[PDB]
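Structure file my_file-v1.cif with mmCIF, C-alpha atoms and all ligand atoms:
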```
data_entry
loop_
_atom_site.label_atom_id
_atom_site.label_comp_id
_atom_site.auth_asym_id
_atom_site.auth_seq_id
_atom_site.Cartn_x
_atom_site.Cartn_y
_atom_site.Cartn_z
CA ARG A 5 -33.15 -17.24 12.63
CA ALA A 6 -36.18 -19.09 13.92
CA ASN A 7 -37.06 -17.10 16.96
CA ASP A 8 -36.98 -13.53 18.23
CA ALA A 9 -36.55 -14.30 21.89
CA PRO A 10 -34.28 -11.90 23.73
CA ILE A 11 -31.17 -13.19 25.46
CA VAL A 12 -30.79 -12.71 29.24
CA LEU A 13 -27.43 -13.00 30.96
CA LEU A 14 -27.03 -14.47 34.49
CA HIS A 15 -24.01 -14.65 36.81
CA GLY A 16 -22.91 -17.03 39.63
CA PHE A 17 -21.54 -16.52 43.18
CA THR A 18 -19.85 -13.53 41.85
CA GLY A 19 -21.64 -10.76 39.86
CA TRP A 20 -23.10 -7.36 39.64
CA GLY A 21 -25.28 -4.99 37.66
CA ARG A 22 -24.14 -2.96 34.65
CA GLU A 23 -23.96 0.12 36.88
CA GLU A 24 -21.73 -1.45 39.55
CA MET A 25 -17.95 -1.85 39.66
CA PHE A 26 -17.62 1.49 37.96
CA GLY A 27 -18.85 -0.07 34.78
CA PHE A 28 -16.51 -3.01 34.69
CA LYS A 29 -18.73 -5.75 33.36
CA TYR A 30 -19.11 -9.21 34.81
CA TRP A 31 -20.09 -10.17 31.34
CA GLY A 32 -16.97 -9.21 29.37
CA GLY A 33 -14.61 -8.03 32.05
CA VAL A 34 -11.31 -6.82 30.62
CA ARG A 35 -12.34 -7.87 27.15
CA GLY A 36 -15.35 -5.72 26.65
CA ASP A 37 -19.08 -5.80 27.02
CA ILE A 38 -20.75 -9.02 25.95
CA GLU A 39 -24.24 -7.66 26.20
CA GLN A 40 -23.33 -4.76 23.97
CA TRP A 41 -21.65 -7.00 21.42
CA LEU A 42 -24.77 -9.14 21.09
CA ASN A 43 -26.95 -6.09 20.79
CA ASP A 44 -24.77 -4.50 18.17
CA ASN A 45 -25.01 -7.73 16.19
CA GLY A 46 -28.75 -7.88 16.24
CA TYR A 47 -29.42 -10.03 19.25
CA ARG A 48 -31.51 -8.33 21.81
CA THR A 49 -29.82 -8.93 25.15
CA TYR A 50 -30.34 -7.99 28.80
CA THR A 51 -28.58 -8.59 32.09
CA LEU A 52 -29.82 -9.82 35.45
CA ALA A 53 -28.13 -9.00 38.66
CA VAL A 54 -29.07 -10.91 41.78
CA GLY A 55 -27.52 -11.80 45.13
CA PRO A 56 -24.16 -13.42 44.51
CA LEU A 57 -24.08 -15.19 47.80
CA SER A 58 -27.75 -15.96 48.16
CA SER A 59 -29.41 -19.31 47.64
CA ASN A 60 -30.56 -20.22 44.16
CA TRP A 61 -34.07 -19.99 45.44
CA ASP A 62 -33.62 -16.36 46.53
CA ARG A 63 -31.95 -15.67 43.25
CA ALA A 64 -34.81 -17.18 41.25
CA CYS A 65 -37.35 -15.07 43.08
CA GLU A 66 -35.24 -12.03 42.46
CA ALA A 67 -34.83 -12.96 38.81
CA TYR A 68 -38.59 -13.39 38.30
CA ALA A 69 -39.36 -9.99 39.76
CA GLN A 70 -36.42 -8.40 37.91
CA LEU A 71 -37.89 -9.73 34.73
CA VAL A 72 -41.53 -9.03 35.10
CA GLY A 73 -41.37 -6.21 37.57
CA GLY A 74 -42.60 -5.86 41.12
CA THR A 75 -41.55 -6.62 44.66
CA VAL A 76 -39.45 -9.67 45.27
CA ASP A 77 -41.53 -12.36 47.02
CA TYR A 78 -39.56 -15.24 48.50
CA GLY A 79 -42.49 -17.21 49.61
CA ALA A 80 -44.10 -17.21 53.04
CA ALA A 81 -43.26 -20.81 53.68
CA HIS A 82 -39.69 -20.21 52.61
CA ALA A 83 -39.21 -17.06 54.52
CA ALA A 84 -40.64 -18.59 57.69
CA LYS A 85 -38.47 -21.61 57.30
CA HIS A 86 -35.27 -19.71 56.88
CA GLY A 87 -36.31 -16.75 59.12
CA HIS A 88 -35.54 -14.06 56.56
CA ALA A 89 -37.75 -11.37 55.01
CA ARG A 90 -40.59 -12.46 52.74
CA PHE A 91 -40.50 -9.39 50.55
CA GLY A 92 -37.37 -7.83 49.07
CA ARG A 93 -36.31 -5.24 46.51
CA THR A 94 -38.76 -3.84 44.05
CA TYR A 95 -37.88 -3.78 40.35
CA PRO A 96 -39.29 -1.98 37.42
CA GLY A 97 -39.23 -5.11 35.22
CA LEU A 98 -36.83 -5.55 32.32
CA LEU A 99 -39.25 -7.35 30.10
CA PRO A 100 -42.98 -6.84 30.62
CA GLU A 101 -43.54 -8.70 27.36
CA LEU A 102 -43.11 -11.95 29.28
CA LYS A 103 -46.44 -11.37 30.86
CA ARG A 104 -47.83 -11.19 27.40
CA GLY A 105 -46.56 -14.44 26.06
CA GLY A 106 -43.00 -13.49 25.32
CA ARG A 107 -40.08 -15.90 25.80
CA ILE A 108 -36.38 -15.57 26.63
CA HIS A 109 -33.10 -17.43 26.33
CA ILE A 110 -31.03 -17.50 29.47
CA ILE A 111 -27.25 -17.64 29.21
CA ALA A 112 -25.93 -18.37 32.69
CA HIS A 113 -22.40 -18.64 34.07
CA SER A 114 -21.25 -20.59 37.08
CA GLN A 115 -23.83 -20.86 39.76
CA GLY A 116 -26.14 -18.82 37.52
CA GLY A 117 -26.84 -22.13 35.78
CA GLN A 118 -28.32 -23.66 38.92
CA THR A 119 -30.41 -20.52 39.24
CA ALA A 120 -31.64 -20.64 35.71
CA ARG A 121 -32.70 -24.28 36.12
CA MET A 122 -34.48 -23.41 39.35
CA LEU A 123 -36.23 -20.52 37.74
CA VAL A 124 -37.61 -22.63 34.96
CA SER A 125 -38.80 -25.25 37.40
CA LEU A 126 -40.65 -22.72 39.54
CA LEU A 127 -42.12 -20.98 36.48
CA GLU A 128 -43.52 -24.22 35.09
CA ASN A 129 -44.32 -26.13 38.26
CA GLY A 130 -44.51 -23.55 41.00
CA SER A 131 -43.91 -24.86 44.47
CA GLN A 132 -46.27 -27.31 46.23
CA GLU A 133 -45.05 -26.34 49.63
CA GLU A 134 -45.74 -22.74 48.99
CA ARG A 135 -49.25 -23.43 47.58
CA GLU A 136 -50.17 -25.51 50.55
CA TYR A 137 -48.81 -23.08 53.07
CA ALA A 138 -50.73 -20.25 51.50
CA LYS A 139 -53.84 -22.35 51.81
CA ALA A 140 -53.33 -23.25 55.42
CA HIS A 141 -52.27 -19.87 56.64
CA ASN A 142 -54.32 -17.68 54.44
CA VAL A 143 -51.36 -15.74 53.10
CA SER A 144 -51.04 -14.38 49.56
CA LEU A 145 -49.09 -16.33 46.98
CA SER A 146 -46.65 -15.18 44.35
CA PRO A 147 -47.41 -16.11 40.78
CA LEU A 148 -44.00 -17.72 40.71
CA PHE A 149 -45.30 -20.44 42.95
CA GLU A 150 -48.52 -21.37 41.06
CA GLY A 151 -46.92 -22.83 37.99
CA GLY A 152 -47.90 -22.66 34.35
CA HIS A 153 -45.47 -20.17 33.02
CA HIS A 154 -43.67 -20.70 29.78
CA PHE A 155 -41.17 -17.93 29.75
CA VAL A 156 -38.00 -19.73 28.91
CA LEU A 157 -37.26 -21.12 25.45
CA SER A 158 -33.79 -22.16 26.41
CA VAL A 159 -31.13 -22.28 29.14
CA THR A 160 -27.45 -22.35 28.40
CA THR A 161 -24.97 -22.99 31.16
CA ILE A 162 -21.34 -22.23 31.18
CA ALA A 163 -19.00 -23.62 33.76
CA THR A 164 -21.95 -24.43 36.04
CA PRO A 165 -21.45 -26.74 39.03
CA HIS A 166 -24.55 -28.78 38.39
CA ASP A 167 -23.29 -31.42 40.76
CA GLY A 168 -21.51 -28.97 43.01
CA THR A 169 -17.85 -28.21 43.33
CA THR A 170 -15.37 -29.73 45.71
CA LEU A 171 -13.90 -26.39 46.35
CA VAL A 172 -16.24 -26.03 49.26
CA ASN A 173 -14.54 -28.96 51.00
CA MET A 174 -11.41 -26.84 51.67
CA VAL A 175 -10.76 -26.53 55.34
CA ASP A 176 -10.18 -22.85 54.79
CA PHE A 177 -12.93 -22.39 52.16
CA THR A 178 -14.50 -19.64 54.15
CA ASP A 179 -11.52 -17.37 54.03
CA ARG A 180 -10.48 -18.34 50.52
CA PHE A 181 -13.95 -17.84 49.06
CA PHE A 182 -14.05 -14.32 50.22
CA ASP A 183 -10.48 -13.88 49.08
CA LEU A 184 -11.86 -14.80 45.67
CA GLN A 185 -14.38 -12.07 45.94
CA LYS A 186 -11.57 -9.63 46.73
CA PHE A 187 -9.73 -10.95 43.72
CA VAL A 188 -12.59 -10.15 41.46
CA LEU A 189 -12.78 -6.70 42.95
CA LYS A 190 -9.08 -6.45 42.14
CA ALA A 191 -9.81 -7.44 38.57
CA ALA A 192 -12.06 -4.45 38.26
CA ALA A 193 -9.46 -2.18 39.81
CA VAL A 194 -11.30 -2.00 43.13
CA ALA A 195 -9.54 -2.16 46.49
CA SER A 196 -10.87 -4.20 49.34
CA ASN A 197 -9.22 -2.30 52.14
CA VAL A 198 -11.06 0.90 51.23
CA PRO A 199 -14.39 2.27 52.56
CA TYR A 200 -15.76 3.51 49.26
CA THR A 201 -18.83 5.68 49.96
CA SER A 202 -20.10 4.56 46.61
CA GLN A 203 -22.16 1.41 46.14
CA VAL A 204 -19.59 -0.45 44.11
CA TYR A 205 -20.75 -4.00 44.68
CA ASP A 206 -24.15 -4.53 46.11
CA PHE A 207 -24.63 -8.08 47.43
CA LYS A 208 -28.38 -7.41 47.53
CA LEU A 209 -28.89 -8.95 50.94
CA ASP A 210 -32.14 -7.19 51.51
CA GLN A 211 -33.88 -10.26 52.82
CA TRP A 212 -31.29 -10.61 55.52
CA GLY A 213 -31.02 -6.94 56.29
CA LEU A 214 -27.32 -6.79 55.64
CA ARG A 215 -25.41 -4.07 53.81
CA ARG A 216 -22.02 -2.43 53.80
CA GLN A 217 -22.00 0.50 56.19
CA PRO A 218 -20.43 3.94 55.93
CA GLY A 219 -16.76 3.75 56.72
CA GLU A 220 -16.61 -0.01 56.11
CA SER A 221 -14.34 -1.57 53.50
CA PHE A 222 -15.12 -4.81 51.73
CA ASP A 223 -12.49 -6.64 53.87
CA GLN A 224 -14.44 -5.56 56.97
CA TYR A 225 -17.75 -6.22 55.33
CA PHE A 226 -16.84 -9.74 54.40
CA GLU A 227 -15.76 -10.51 57.97
CA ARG A 228 -19.31 -9.64 58.92
CA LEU A 229 -20.85 -11.69 56.14
CA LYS A 230 -18.83 -14.65 57.14
CA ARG A 231 -20.61 -14.72 60.46
CA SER A 232 -24.04 -14.01 59.03
CA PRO A 233 -26.85 -16.25 57.87
CA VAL A 234 -25.85 -15.69 54.27
CA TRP A 235 -22.85 -17.76 55.13
CA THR A 236 -23.99 -19.94 58.01
CA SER A 237 -27.45 -21.02 56.89
CA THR A 238 -28.55 -23.65 54.41
CA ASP A 239 -30.39 -20.95 52.46
CA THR A 240 -27.15 -19.92 50.83
CA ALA A 241 -24.97 -20.19 47.75
CA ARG A 242 -22.40 -21.90 49.98
CA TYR A 243 -24.80 -24.78 50.58
CA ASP A 244 -26.18 -25.02 47.05
CA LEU A 245 -22.64 -24.99 45.72
CA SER A 246 -21.64 -28.05 47.67
CA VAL A 247 -21.90 -31.54 46.34
CA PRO A 248 -24.59 -32.53 48.84
CA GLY A 249 -26.33 -29.19 48.33
CA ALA A 250 -26.33 -29.53 44.59
CA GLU A 251 -27.70 -33.01 44.74
CA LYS A 252 -30.47 -31.85 47.03
CA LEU A 253 -31.26 -29.15 44.48
CA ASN A 254 -31.16 -31.72 41.71
CA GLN A 255 -33.73 -33.87 43.44
CA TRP A 256 -36.42 -31.34 42.63
CA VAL A 257 -35.09 -29.08 39.97
CA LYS A 258 -35.85 -30.91 36.74
CA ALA A 259 -35.42 -30.14 33.07
CA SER A 260 -38.65 -28.92 31.62
CA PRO A 261 -39.80 -30.71 28.51
CA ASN A 262 -40.64 -27.38 26.91
CA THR A 263 -37.16 -25.85 27.20
CA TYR A 264 -33.85 -26.48 25.39
CA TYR A 265 -30.79 -26.87 27.57
CA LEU A 266 -27.21 -26.44 26.40
CA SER A 267 -24.17 -26.97 28.56
CA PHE A 268 -20.61 -25.87 28.14
CA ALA A 269 -17.83 -27.23 30.27
CA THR A 270 -14.53 -25.53 30.90
CA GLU A 271 -11.06 -26.82 31.84
CA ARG A 272 -7.66 -25.18 32.40
CA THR A 273 -5.62 -28.04 33.86
CA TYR A 274 -3.31 -30.86 32.93
CA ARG A 275 -2.89 -34.32 34.41
CA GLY A 276 0.37 -34.95 36.21
CA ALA A 277 2.96 -37.39 35.11
CA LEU A 278 2.72 -39.88 37.96
CA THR A 279 -0.71 -39.10 39.32
CA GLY A 280 -4.30 -38.81 38.45
CA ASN A 281 -4.01 -35.33 39.93
CA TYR A 282 -4.65 -32.27 37.81
CA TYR A 283 -2.65 -29.04 37.86
CA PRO A 284 -3.32 -25.55 36.56
CA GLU A 285 -2.17 -24.65 33.11
CA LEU A 286 -0.22 -21.53 32.11
CA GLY A 287 -2.41 -18.43 32.00
CA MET A 288 -4.98 -19.54 34.59
CA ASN A 289 -6.13 -16.67 36.75
CA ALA A 290 -3.56 -16.05 39.47
CA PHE A 291 -5.93 -16.74 42.32
CA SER A 292 -7.32 -19.97 41.20
CA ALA A 293 -3.86 -21.11 40.24
CA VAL A 294 -2.48 -20.76 43.63
CA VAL A 295 -5.37 -21.19 45.97
CA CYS A 296 -8.03 -23.31 44.30
CA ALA A 297 -6.87 -25.44 41.49
CA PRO A 298 -4.30 -27.50 43.45
CA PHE A 299 -7.10 -28.60 45.79
CA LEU A 300 -9.66 -29.22 43.15
CA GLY A 301 -7.21 -31.30 41.20
CA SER A 302 -6.07 -33.54 44.06
CA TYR A 303 -9.08 -33.92 46.25
CA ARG A 304 -10.93 -37.23 46.56
CA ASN A 305 -13.72 -38.56 48.78
CA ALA A 306 -15.13 -42.03 48.12
CA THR A 307 -18.01 -41.79 50.46
CA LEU A 308 -19.11 -38.65 48.70
CA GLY A 309 -18.36 -40.20 45.32
CA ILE A 310 -15.57 -37.87 44.48
CA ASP A 311 -13.06 -39.83 42.43
CA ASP A 312 -10.55 -39.36 39.62
CA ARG A 313 -13.14 -38.08 37.20
CA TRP A 314 -13.67 -35.00 39.37
CA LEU A 315 -10.14 -33.71 39.29
CA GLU A 316 -10.13 -31.92 35.91
CA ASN A 317 -11.18 -28.39 36.64
CA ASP A 318 -11.46 -24.81 35.50
CA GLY A 319 -9.85 -23.37 38.62
CA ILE A 320 -13.07 -23.11 40.56
CA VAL A 321 -15.40 -25.87 39.38
CA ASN A 322 -14.83 -29.54 38.62
CA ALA A 323 -15.45 -30.12 34.90
CA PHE A 324 -17.23 -33.37 35.60
CA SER A 325 -19.95 -31.33 37.24
CA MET A 326 -20.65 -29.11 34.28
CA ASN A 327 -22.34 -31.02 31.51
CA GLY A 328 -25.49 -31.22 33.50
CA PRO A 329 -26.91 -32.43 36.79
CA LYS A 330 -26.36 -36.06 37.48
CA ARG A 331 -26.30 -36.63 41.19
CA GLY A 332 -29.81 -36.98 42.39
CA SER A 333 -31.01 -36.13 38.92
CA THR A 334 -33.49 -37.63 36.54
CA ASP A 335 -32.51 -35.21 33.79
CA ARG A 336 -30.90 -36.68 30.68
CA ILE A 337 -27.70 -35.50 29.02
CA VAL A 338 -26.91 -36.04 25.34
CA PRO A 339 -23.63 -35.30 23.56
CA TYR A 340 -24.26 -32.73 20.87
CA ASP A 341 -24.65 -34.50 17.54
CA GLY A 342 -25.48 -31.41 15.53
CA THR A 343 -29.06 -31.17 16.54
CA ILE A 344 -30.27 -29.35 19.67
CA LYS A 345 -32.80 -31.50 21.39
CA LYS A 346 -35.54 -30.19 23.62
CA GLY A 347 -36.00 -31.08 27.26
CA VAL A 348 -32.60 -32.60 27.64
CA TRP A 349 -29.09 -31.43 28.31
CA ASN A 350 -27.21 -30.95 25.13
CA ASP A 351 -23.61 -31.40 26.16
CA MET A 352 -21.72 -29.07 23.92
CA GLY A 353 -18.40 -30.25 25.15
CA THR A 354 -15.42 -28.85 26.97
CA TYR A 355 -13.57 -25.61 26.23
CA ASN A 356 -9.99 -24.84 27.24
CA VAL A 357 -10.61 -21.74 29.30
CA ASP A 358 -10.75 -20.95 32.98
CA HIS A 359 -13.67 -20.00 35.16
CA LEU A 360 -12.94 -16.29 34.81
CA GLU A 361 -11.53 -16.26 31.29
CA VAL A 362 -14.85 -17.50 29.92
CA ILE A 363 -16.55 -14.23 30.87
CA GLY A 364 -13.61 -11.95 30.24
CA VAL A 365 -12.82 -11.17 33.85
CA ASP A 366 -9.38 -12.79 33.39
CA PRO A 367 -7.50 -12.17 30.10
CA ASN A 368 -6.91 -14.85 27.48
CA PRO A 369 -5.88 -13.62 24.08
CA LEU A 370 -6.09 -17.08 22.65
CA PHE A 371 -9.76 -17.21 23.36
CA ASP A 372 -11.94 -15.36 20.86
CA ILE A 373 -14.59 -14.46 23.34
CA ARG A 374 -16.54 -12.25 20.92
CA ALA A 375 -16.91 -15.15 18.51
CA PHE A 376 -17.85 -17.64 21.18
CA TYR A 377 -20.81 -15.60 22.35
CA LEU A 378 -21.80 -14.59 18.89
CA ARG A 379 -21.85 -18.23 17.77
CA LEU A 380 -23.80 -19.08 20.82
CA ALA A 381 -26.31 -16.37 20.10
CA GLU A 382 -26.64 -17.54 16.51
CA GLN A 383 -27.41 -21.00 17.72
CA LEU A 384 -30.04 -19.87 20.13
CA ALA A 385 -31.67 -17.75 17.51
CA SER A 386 -31.91 -20.87 15.28
CA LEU A 387 -33.97 -22.72 17.90
CA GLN A 388 -37.37 -23.70 16.71
CA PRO A 389 -40.37 -22.98 18.91
CA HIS A 390 -41.94 -26.08 17.37
CA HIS A 391 -39.87 -29.11 16.44
CA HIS A 392 -41.71 -31.27 13.86
CA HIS A 393 -41.13 -34.98 14.33
CA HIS A 394 -39.20 -36.60 11.42
CA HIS A 395 -37.12 -39.47 10.05
CA CA B 401 -5.58 -16.19 31.50
ZN ZN B 402 -34.10 -17.52 51.13
#
```

Now that the file is in, can you turn its structure into structure tokens?
Amino acid sequence: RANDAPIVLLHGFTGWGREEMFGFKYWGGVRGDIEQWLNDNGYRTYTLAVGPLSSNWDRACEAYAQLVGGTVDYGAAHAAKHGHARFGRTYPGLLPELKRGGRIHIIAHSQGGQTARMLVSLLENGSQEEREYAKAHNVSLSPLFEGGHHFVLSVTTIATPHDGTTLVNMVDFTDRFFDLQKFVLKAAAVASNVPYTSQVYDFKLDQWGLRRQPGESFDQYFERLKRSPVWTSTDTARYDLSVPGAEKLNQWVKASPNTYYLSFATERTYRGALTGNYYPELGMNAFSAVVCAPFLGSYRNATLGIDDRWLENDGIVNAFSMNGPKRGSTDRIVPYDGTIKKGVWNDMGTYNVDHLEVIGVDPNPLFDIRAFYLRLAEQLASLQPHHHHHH
């Protein structure tokens, strides 16, 4: 143990707070409670919950406020550009200590990894556009946009589409994506054709002024979201998840030299006998198996750059996209050699588990999830806050 930094957990295009889904955890799912496990083992751990469908930017803003406390500030320039609210939900702050020189490890899953990267970039570099806009229009400016924060010792990504996922190319992606949401609700024993009066799954679309109404089931709510700016505008997860969107995000979201980055790739497919195509293995979550993997494993696009290396997948994301950003990126990626190097992506390899199995939302008895996270935690705790140069 070289550091006492707490661990913070962060979800992707699906996810919810510890008090949502009747307690079914995004981090653990049918297997348990990952956060609890870490805590019980001596690793202080917290959980962030942000908009699942929102843009990484929105998410980052939300994360910052959820960490330090206060009212979400999306940036005047940003809000005016995308025509959504500047200020959002107020949070009590999970870790005030950050504002006193404390540091955290972020463990992110899926799109959460893009969000984590973005958060570190904003914390350290702020946003020039925001600074300049504040100065020309005489509006206040969130600390998040000034730069100079050192809050993050490390970022670990699991099954993150750093270069996007081809899933979004599906002609029917709109319908299937939401079907995936319903699937996850199903996993938690929640029906989508029911108007639960209870919260259940808050998409936190405060900036857009959207929320499930009384008498409105998720099926009906999603129909509405599909036609809303959270689905039709570039300031969305849908955009950032795409290959072009991810590359655009990679053009400015760089690895900080002061933070350690670890990536974990996932794969649950096999290569066909007479084709470079990939197919879903036995055990893969039912949804992905039928609806997503076949596409991910057979889809190519030369103009875009999507070739045979992109076909191996975890049912939702292309494994090629997971070791770290590459398209439009200046970041470096190094295969793990037994030493975790700072300011670069330490590619920890590929694990044989699906997008949902990795977090416990889909079962997989052959995957010792408790040990995986515990080992991870142990590794993060061994990170030195000062690496001495040596032979
Ligand atoms: Ca399984
Ligand atoms: Zn936004």

Handout entry: Residues within 7 Å of segment 109-113 of chain A, all atoms listed in the file, excluding chain neighbours under 2 positions, as JSON, numbers by chain
Key = {"A": [9, 10, 11, 12, 13, 14, 15, 16, 115, 116, 117, 120, 156, 157, 158, 159, 160, 161, 162, 163, 164]}

How about saving the chosen residues, C-alpha atoms kept, as a compact mmCIF listing (two decimals), keeping the file's coordinate frame?
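Output (result.txt):
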```
# COMPACT_ATOMS: atom_id res chain seq x y z
CA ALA A 9 -36.55 -14.30 21.89
CA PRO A 10 -34.28 -11.90 23.73
CA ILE A 11 -31.17 -13.19 25.46
CA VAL A 12 -30.79 -12.71 29.24
CA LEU A 13 -27.43 -13.00 30.96
CA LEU A 14 -27.03 -14.47 34.49
CA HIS A 15 -24.01 -14.65 36.81
CA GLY A 16 -22.91 -17.03 39.63
CA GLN A 115 -23.83 -20.86 39.76
CA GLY A 116 -26.14 -18.82 37.52
CA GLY A 117 -26.84 -22.13 35.78
CA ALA A 120 -31.64 -20.64 35.71
CA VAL A 156 -38.00 -19.73 28.91
CA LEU A 157 -37.26 -21.12 25.45
CA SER A 158 -33.79 -22.16 26.41
CA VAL A 159 -31.13 -22.28 29.14
CA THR A 160 -27.45 -22.35 28.40
CA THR A 161 -24.97 -22.99 31.16
CA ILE A 162 -21.34 -22.23 31.18
CA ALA A 163 -19.00 -23.62 33.76
CA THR A 164 -21.95 -24.43 36.04
```

Handout entry: Contact residues around residue 320 of chain A with only C-alpha atoms at 9 Å, ignoring same-chain residues under 6 positions, as a PyMOL selection string
Key = chain A and resi 169-171+292+296-297+300+358-360

Keeping C-alpha atoms, export the residues of the selection given above as a short mmCIF file (atom, residue, chain, number, x, y, z; two decimals), in the coordinates of the input.
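Wrote it out as again-v5.cif, contents follow:
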```
data_model
loop_
_atom_site.label_atom_id
_atom_site.label_comp_id
_atom_site.auth_asym_id
_atom_site.auth_seq_id
_atom_site.Cartn_x
_atom_site.Cartn_y
_atom_site.Cartn_z
CA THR A 169 -17.85 -28.21 43.33
CA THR A 170 -15.37 -29.73 45.71
CA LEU A 171 -13.90 -26.39 46.35
CA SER A 292 -7.32 -19.97 41.20
CA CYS A 296 -8.03 -23.31 44.30
CA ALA A 297 -6.87 -25.44 41.49
CA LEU A 300 -9.66 -29.22 43.15
CA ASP A 358 -10.75 -20.95 32.98
CA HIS A 359 -13.67 -20.00 35.16
CA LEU A 360 -12.94 -16.29 34.81
#
```

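Between atom CA of residue 347 of chain A and atom CA of residue 271 of chain A the separation is 25.7 Å.
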
Dump as JSON lines the rows for residues of segment 166-252 of chain A within 12 Å of segment 81-85 of chain A: closest atom pair and distance in Å with one decimal, only C-alpha atoms counted, ordered by chain and rising residue number.
```
{"residue": "A:211", "atom": "CA", "partner": "A:83", "partner_atom": "CA", "distance": 8.8}
{"residue": "A:212", "atom": "CA", "partner": "A:83", "partner_atom": "CA", "distance": 10.3}
{"residue": "A:237", "atom": "CA", "partner": "A:85", "partner_atom": "CA", "distance": 11.0}
{"residue": "A:238", "atom": "CA", "partner": "A:85", "partner_atom": "CA", "distance": 10.5}
{"residue": "A:239", "atom": "CA", "partner": "A:82", "partner_atom": "CA", "distance": 9.3}
```

Problem - Env. residues ligand ZN 402 (chain B) / 12 Å / only C-alpha atoms and all ligand atoms / as an NGL selection string - result: :A and (55 or 57-66 or 76-92 or 209-212 or 233-235 or 237-241 or 243-244)

Would you mind writing segment 113-127 of chain A with N, CA and C atoms, as a compact mmCIF listing (two decimals), in the frame of the given file?
```txt
# COMPACT_ATOMS: atom_id res chain seq x y z
N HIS A 113 -23.79 -18.29 33.76
CA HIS A 113 -22.40 -18.64 34.07
C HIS A 113 -22.30 -19.07 35.52
N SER A 114 -21.54 -20.11 35.75
CA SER A 114 -21.25 -20.59 37.08
C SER A 114 -22.52 -20.95 37.77
N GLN A 115 -22.65 -20.53 39.01
CA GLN A 115 -23.83 -20.86 39.76
C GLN A 115 -25.13 -20.34 39.12
N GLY A 116 -25.00 -19.36 38.23
CA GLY A 116 -26.14 -18.82 37.52
C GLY A 116 -26.92 -19.93 36.86
N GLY A 117 -26.22 -21.00 36.45
CA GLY A 117 -26.84 -22.13 35.78
C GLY A 117 -27.80 -22.93 36.68
N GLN A 118 -27.46 -23.00 37.95
CA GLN A 118 -28.32 -23.66 38.92
C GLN A 118 -29.57 -22.78 39.05
N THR A 119 -29.34 -21.48 39.07
CA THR A 119 -30.41 -20.52 39.24
C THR A 119 -31.39 -20.48 38.08
N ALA A 120 -30.84 -20.61 36.90
CA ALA A 120 -31.64 -20.64 35.71
C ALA A 120 -32.55 -21.89 35.74
N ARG A 121 -31.96 -23.03 36.06
CA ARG A 121 -32.70 -24.28 36.12
C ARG A 121 -33.84 -24.15 37.12
N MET A 122 -33.51 -23.63 38.29
CA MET A 122 -34.48 -23.41 39.35
C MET A 122 -35.61 -22.47 38.93
N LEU A 123 -35.26 -21.45 38.20
CA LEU A 123 -36.23 -20.52 37.74
C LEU A 123 -37.21 -21.20 36.79
N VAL A 124 -36.71 -21.95 35.87
CA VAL A 124 -37.61 -22.63 34.96
C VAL A 124 -38.54 -23.61 35.66
N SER A 125 -38.02 -24.29 36.65
CA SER A 125 -38.80 -25.25 37.40
C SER A 125 -39.98 -24.59 38.18
N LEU A 126 -39.66 -23.48 38.82
CA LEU A 126 -40.65 -22.72 39.54
C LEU A 126 -41.69 -22.15 38.57
N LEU A 127 -41.21 -21.57 37.47
CA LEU A 127 -42.12 -20.98 36.48
C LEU A 127 -43.13 -21.98 35.96
```
